[PDB]
Amino acid sequence: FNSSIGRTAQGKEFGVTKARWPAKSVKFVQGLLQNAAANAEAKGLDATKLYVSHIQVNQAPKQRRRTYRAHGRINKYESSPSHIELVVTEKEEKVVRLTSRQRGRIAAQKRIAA
Amino acid sequence: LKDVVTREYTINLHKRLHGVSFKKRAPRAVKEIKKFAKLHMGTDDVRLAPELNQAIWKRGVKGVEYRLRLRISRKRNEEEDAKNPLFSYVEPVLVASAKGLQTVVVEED
Amino acid sequence: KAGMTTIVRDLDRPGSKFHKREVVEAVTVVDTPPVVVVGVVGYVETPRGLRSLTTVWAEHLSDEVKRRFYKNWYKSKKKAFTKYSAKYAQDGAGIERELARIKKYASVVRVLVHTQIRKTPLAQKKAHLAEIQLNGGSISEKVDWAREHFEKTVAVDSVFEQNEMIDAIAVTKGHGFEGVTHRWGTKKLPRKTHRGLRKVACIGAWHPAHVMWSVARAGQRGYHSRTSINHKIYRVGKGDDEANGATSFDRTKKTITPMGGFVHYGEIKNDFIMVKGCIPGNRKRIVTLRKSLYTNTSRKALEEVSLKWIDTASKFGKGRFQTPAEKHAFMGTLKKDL
RNA sequence: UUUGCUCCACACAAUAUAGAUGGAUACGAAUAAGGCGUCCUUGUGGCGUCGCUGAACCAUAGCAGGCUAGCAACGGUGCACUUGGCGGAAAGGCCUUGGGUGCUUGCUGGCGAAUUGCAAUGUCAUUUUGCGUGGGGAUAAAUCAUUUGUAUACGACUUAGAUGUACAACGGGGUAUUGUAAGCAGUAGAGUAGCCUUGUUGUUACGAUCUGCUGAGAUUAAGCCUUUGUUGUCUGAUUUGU
RNA sequence: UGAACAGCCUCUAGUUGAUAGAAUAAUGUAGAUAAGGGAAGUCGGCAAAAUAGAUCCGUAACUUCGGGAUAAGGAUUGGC
RNA sequence: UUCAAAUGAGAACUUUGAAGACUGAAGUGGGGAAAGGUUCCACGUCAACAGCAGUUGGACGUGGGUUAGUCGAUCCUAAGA
Ligand SMILES: [Mg+2]
Ligand SMILES: [Mg+2]
Ligand SMILES: [Mg+2]
Ligand SMILES: [Mg+2]
Ligand SMILES: [Mg+2]
Ligand SMILES: [Mg+2]
Ligand SMILES: [Mg+2]
Ligand SMILES: [Mg+2]
Ligand SMILES: [Mg+2]
Ligand SMILES: [Mg+2]
Ligand SMILES: [Mg+2]
Ligand SMILES: [Mg+2]
Ligand SMILES: [Mg+2]
Ligand SMILES: [Mg+2]
Ligand SMILES: [Mg+2]
Ligand SMILES: [Mg+2]
Ligand SMILES: [Mg+2]
Ligand SMILES: [Mg+2]
Ligand SMILES: [Mg+2]
Ligand SMILES: [Mg+2]
C-alpha cells in the first residue's frame with residue numbers, strides 16, 4: 001500500500017525507496033508486543049529466545065461518517081480499522097524397486113569390483 | 001567532563017533567521033535557540049525560561065534581535081528522568097549590548 | 001574555477017577599428033596548483049574499442065588522494081594500497097613486469113594524476129583523480145616518463161603557455177527542475193491564458209498519437225557536462241610570484257586576488273590560468289583544461305596578447321579601490337588606527 | 001558478527017542440463033586459377049604430380065575392456081615432476097627439454113566371463129550448491145543517523161567528522177552597504193515671553209534646525225574572504241562474503 | 001488622524017478559533033517591480049499603469065441658457 | 001502564535017500565568033425581533049461526534065434553573081377575515 005507515497009534514504013536497508021513512519025500503527029503494534037511478552041513471561045517462556053513467529057492484520061468493520069461535496073452532494077468518509085493478532089515463539093533447533101536387469105547388473109558390478 | 005555546567009554564549013539569530021517568513025521569525029528563533037542548546041550541550045531536552053521567551057518576542061513576531069546573550073546550564077534531570085538524564089536550561093543574560101562577547105564558562109560555586 | 005575579473009589590453013588586429021587601441025575584456029581565473037602523478041594505465045586497441053590492459057601505481061599515495069577511495073574516511077582503517085605497496089619490496093619485480101606489459105602492448109598510454117586540493121581554499125580535502133593522456137615519444141618513452149614522474153608534481157607551465165587556445169570541460173551550474181520557458185526558451189503565452197502561461201501550448205498533433213522526443217518539456221536545467229573550446233590563455237601566473245596581478249605597464253605589486261578575496265572561493269596562492277571570456281561551471285568547481293584538438297590559424301588565435309592592467313577591486317560590491325594602499329591614500333586617516 | 005572469510009585436495013548429499021556418447025583435424029591468397037614435390041641462374045622461373053569432394057585423415061581389438069608369462073624393438077601413448085620459449089583480439093592456449101612412473105593390440109601364449117535368464121538408456125557425462133574432513137592464506141567496508149551546499153521537489157548528488165594545515169559556535173581583522181549614531185557641548189539658530197546693574201556675544205524658559213567630537217554609527221553570510229584568540233565536540237544504529 | 005459612521009492606529013469589552021511539522025523545484029493562485037521602446041500586442045488597451053485631497057489661477061465647442069465644468073490646462077502644500 | 005506550570009496513561013489544541021497579536025464602537029462588544037427548544041448552569045464523564053487531536057465541548061450521563069397589579073400578551077381598531 002505504497003502508490004504515490006514519497007521516497008526516503010531510510011528505506012535503503014530494506015532495498016526499497018518508499019518507506020514511512022506510521023506512529024499510530026507502531027504504537028498499537030508495540031502495545032500488542034508488550035502484551036505478548038507479558039503472556040510469555042506468565043507462561044514461563046525464555047525471553048531471549050522469543051521471536052515474532054506469526055503476525056497478521058485483518059480489516060475490521062468500517063466506521064462511517066459523511067463528507068459534504070460541491071452541489072449539495074454527500075459521500076462516505078470511512079475509517080479503516082484493524083484486527084491485529086500476533087504470536088511470539090521460542091527459538092528451537094524408501095523401498096527400491098529394481099527389475100531383473102537392474103539386479104543382475106548390480107550383482108555383476110559387485111562381483112567384478114571387489 | 002563534568003556534566004552539570006553553565007556557560008554564557010552569544011547566538012547570532014540574524015544569520016539564522018535570514019529570509020524567514022515574517023509571521024514565523026520569533027517561533028523560528030525559539031526553535032533555533034533549542035537547536036543551539038542541543039548543539040552546545042548535547043541535550044535533546046531543552047527548556048526555555050519564560051523571560052527568555054519574552055526577550056525573543058519583545059519586538060513582536062517580526063523583530064527578533066540580531067544577537068542574543070544566553071546563559072545555558074546543563075543540569076541533572078531528577079524526579080523520574082526522561083529518555084536522557086540531562087537537560088539544558090536557557091536563560092536571558094541582562095546585557096546592554098550583545099556584541100563583542102565570547103563564550104565564557106560561568107561558575108558561582 | 002576561482003572567479004572572474006577584468007583586464008585592459010591593446011588590440012592587435014589590422015583592419016579593425018580598434019586596432020592598436022585598448023579593449024576591456026572579461027577573464028576567468030582557474031586556480032591550478034601542480035598535479036601529482038601517481039600511476040599509469042595502458043590501453044590496447046581491440047575490434048570492440050580501446051581497452052585498459054593494466055594499471056601501475058606509485059609506491060606512496062598521499063592521504064588526499066587516498067580519501068578518493070573512501071566514503072567514510074574518518075571511520076576506516078585506511079588499508080587502501082597497503083598490500084599493493086608491498087610490490088616494491090625487493091626490487092619491484094612485479095612493478096617492472098607490469099610496466100613491461102604496458103610497453104609491449106598498450107598502443108595508448110595515460111597517466112593518473114590527482115589535484116593538491118589541500119593547496120586551495122576548499123573545504124573538500126578529497127583530491128580529484130583523473131586520467132591524462134601522454135602525447136609525444138614512443139610508447140616506451142611514455143611509460144618511462146610516467147616511471148620517473150611517479151609521486152612527483154607537474155606544474156601548469158609545463159603543459160600550457162601564453163596565447164594558447166585551450167578547451168574547458170566542466171559540469172555546468174545546476175538549477176534543479178525548470179519549466180519550458182527558461183529551460184528551452186519558448187515564448188510566454190498571453191496574459192489571458194487559463195491554467196498557466198509558462199508552457200508550450202501544443203505538445204503534439206493528434207498523430208503520431210504520442211508526445212515527440214523533440215517537444216520542449218520541463219525538467220532538469222544545468223549540471224550538464226560541457227566541452228567549450230577555443231579559449232585563449234591570457235596569463236600563466238605563478239603562485240610563488242609576488243605581483244601576479246601586475247603587468248609591465250602597471251608595475252603595482254599586487255596578486256591576482258581581488259580585495260576581500262574571490263567571492264565564495266578565497267585567495268589564489270598557487271599557479272593559475274587566466275583565459276579570455278567565461279567557461280562552463282561555477283566557482284569552486286573542478287575543471288579540466290584540454291589542449292586544442294586542432295591547429296588554429298584563424299588570426300584570432302596566434303595573436304600575441306600583452307595585458308596592460310588587471311582589475312583587483314573587490315567583487316563583493318562596487319569595489320572602487322585596487323589595493324589597500326590606494327584605499328588608504330584616497331580616504332586618509334580613519335577613526336580606526338593601525 | 002557466532003571457530004566468521006578465502007584457495008587447494010578428497011568424501012557425502014543435493015541440484016539441474018535447449019541435449020557428450022571416438023577426434024571442432026588451425027596457412028594465406030586466386031578461382032579465365034591453385035596445392036604439393038623437385039631443380040636452377042630465385043623468378044609473375046623450369047619440370048613433375050594432384051584435385052573431379054571429408055565416401056578423407058587420425059583413432060580405432062582386451063571383465064565399458066580383467067589377471068598373468070614371454071618375444072621383438074627403444075618406438076607410441078597416459079600421469080604427475082619438469083627445463084624453457086611463444087601467445088593480449090576475448091591472451092587462459094601452443095611449441096618444448098630431461099628423467100621417473102604405468103599401458104602398449106608390433107608379435108606369440110595361459111586363466112576369467114555364464115543366470116541382466118530372448119530386448120528394456122540399463123545408468124560409465126557435467127553446470128551449480130550445501131554439509132564434512134585436512135592443508136595453505138588474509139584480517140574491511142558500505143548504509144542510516146549527524147554534517148556541507150559546487151546539489152536538490154523527495155529520492156539522488158557533493159562535502160566533513162574517532163585528537164588534528166580537525167570541525168564547530170562565538171570574538172577579532174579585511175571586504176561591502178548606508179550615509180555621519182547615541183550622548184555631550186556650542187559666544188550657531190527665524191525668534192517669542194520674562195528678569196536685571198543695557199552686557200557691548202547679559203541671564204531664564206520654549207525653539208524646526210545647524211556645527212564639533214564623526215566618512216561616524218549600524219549591518220556584514222545567512223551560498224563573502226581570513227583567523228597563533230575564547231569555548232566546546234569527536235566509537236550512536238543497520239547491513240554486506242567469491 | 002481626517003470633511004467624514006472612509007481608510008489606518010489605540011482604550012473598554014471580546015477573541016486568539018479555522019489540522020499541524022519540515023523544505024522553498026516546476027506550474028499555479030494572490031500581491032509586486034522593471035533598462036530602452038510605448039499598443040508594434042489583441043477581435044478589441046482586456047488587464048494594468050497614469051490621474052486623484054485641498055488652496056489659488058485658468059477653462060473651449062455647443063446649449064433646451066439650467067448646463068457643459070473638477071472641461072481642458074497650470075502653480076502651491078512639511079516642520080518650526 | 002510562543003514560553004512555563006498544573007492536570008492527565010497520553011497535551012500543538014484543556015486550565016492558569018507570562019508574552020505577542022487581532023476585532024477597533026454600522027466591532028470578533030453589550031441586547032433584542034423571527035426561529036430553535038434546554039442548546040442555559042453544575043457535577044460526572046470520552047465508545048460515537050467535533051475538518052487532526054482532545055484530559056475540552058452547543059457531545060454523552062445525571063440533575064438544577066425561567067418568581068410581575070406596573071415588562072408583554074390579554075383590550076382597540078388597520079388593510080383585511
Ligand atoms: Mg504513479
Ligand atoms: Mg501527489
Ligand atoms: Mg508521492
Ligand atoms: Mg467539503
Ligand atoms: Mg449545502
Ligand atoms: Mg528569501
Ligand atoms: Mg481564464
Ligand atoms: Mg559581484
Ligand atoms: Mg488562516
Ligand atoms: Mg519598462
Ligand atoms: Mg523608464
Ligand atoms: Mg497583430
Ligand atoms: Mg482588427
Ligand atoms: Mg479597464
Ligand atoms: Mg466634453
Ligand atoms: Mg492551534
Ligand atoms: Mg476527533
Ligand atoms: Mg457551556
Ligand atoms: Mg447535557
Ligand atoms: Mg402595560
Side-chain angles (χ1 to χ4, degrees), chain A residues 6-13 17 63 65 67 77 99-108 112, chain B residues 7 9-12 14-19 23-24 26-27 30 36 39-40 42 47-54 56-58 60-61 66 100-105, chain C residues 1 44-48 51 53 70-77 79 83 101 104-105 118 121-126 171 173-180 183 190-192 195-196 198-199 218-219 223 257-267 281-286 314-319 324 331-332 334-335:
Chain A
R7 302 193 278 203
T8 180
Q10 279 182 31
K12 270 164 161 162
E13 81 171 276
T17 56
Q63 264 187 303
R65 284 182 279 156
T67 185
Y77 207 70
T99 77
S100 172
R101 284 90 63 190
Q102 284 170 295
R103 292 193 302 266
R105 171 182 195 259
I106 284 147
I112 291 299
Chain B
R7 306 196 198 91
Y9 304 82
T10 287
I11 182 170
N12 183 4
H14 188 200
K15 85 188 209 184
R16 267 153 190 97
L17 309 183
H18 184 254
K23 280 313 168 67
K24 39 191 72 155
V30 165
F36 188 86
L39 172 66
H40 280 308
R47 298 191 213 162
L48 312 192
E51 64 274 18
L52 174 70
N53 186 60
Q54 279 204 39
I56 292 151
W57 283 86
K58 183 68 182 294
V61 72
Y66 291 146
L101 305 165
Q102 313 181 25
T103 301
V104 293
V105 171
Chain C
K1 183 171 179 189
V44 294
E45 294 217 287
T46 74
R48 289 181 285 167
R51 169 169 99 76
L53 177 69
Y70 285 97
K71 298 297 188 178
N72 311 99
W73 169 263
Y74 79 113
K75 261 195 313 194
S76 86
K77 304 295 187 70
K79 302 294 297 308
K83 293 183 164 159
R101 291 178 61 221
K104 187 162 165 214
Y105 307 108
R118 73 190 206 281
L122 294 180
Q124 176 155 319
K125 281 193 249 203
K126 190 198 275 190
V171 176
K173 185 193 281 170
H175 296 103
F177 211 84
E178 188 66 86
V180 293
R183 184 190 210 217
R191 186 209 47 91
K192 289 179 74 169
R195 55 175 64 110
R198 291 183 74 76
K199 291 163 146 192
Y223 208 73
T257 310
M259 296 177 71
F262 274 108
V263 176
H264 288 103
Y265 185 79
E267 294 147 295
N282 50 340
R283 79 283 182 273
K284 301 190 263 215
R285 174 75 49 84
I286 180 71
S314 170
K315 268 76 185 178
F316 201 43
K318 313 281 169 83
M331 295 177 68
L334 293 168
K335 193 170 173 207

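Protein chains get the first letters and strands the later ones, always in sequence-line order, with residue 1 at the start of each.
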Within the structure shown, what part of the strands sits under 4.0 Å from [X] by heavy-atom distance: base, sugar-phosphate, or nothing?
X: B:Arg16; result: sugar-phosphate
X: B:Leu48; result: sugar-phosphate
X: A:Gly104; result: base

OH of A:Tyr77 versus P of F:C49: gap in Å, rounded?
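Distance, rounded to whole Å: 12 Å.
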Hey, does the side chain of C:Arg285 reach the backbone of C:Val171 with a donor-acceptor pair shorter than 3.5 angstrom?
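Flag set: sc C:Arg285 to bb C:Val171 pair under 3.5 Å.
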OP1 or OP2 of [N] sitting under 4.0 Å from any side-chain N/O of [X]?
X: C:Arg51; N: D:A90; answer: yes
X: C:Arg195; N: E:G28; answer: no
X: C:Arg48; N: D:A90; answer: yes
X: C:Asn72; N: D:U143; answer: yes
X: B:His14; N: D:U219; answer: no

Mark yes when both conditions hold for F:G69 and F:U70 (six-membered ring centres under 5.5 angstrom, interplanar angle under 30 degrees), and no otherwise.
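Pair F:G69, F:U70 comes out stacked.
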Syn or anti for D:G155, please, going by whether the chi angle lies within 90° of 0.
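Syn, angle within 90° of zero.
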Please tell me whether D:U143 and D:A237 form a Watson-Crick or G-U wobble pair, using a cut-off of 3.5 Å on both distances.
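Taken together, D:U143 and D:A237 make a base pair (Watson-Crick or G-U wobble, both distances under 3.5 Å).
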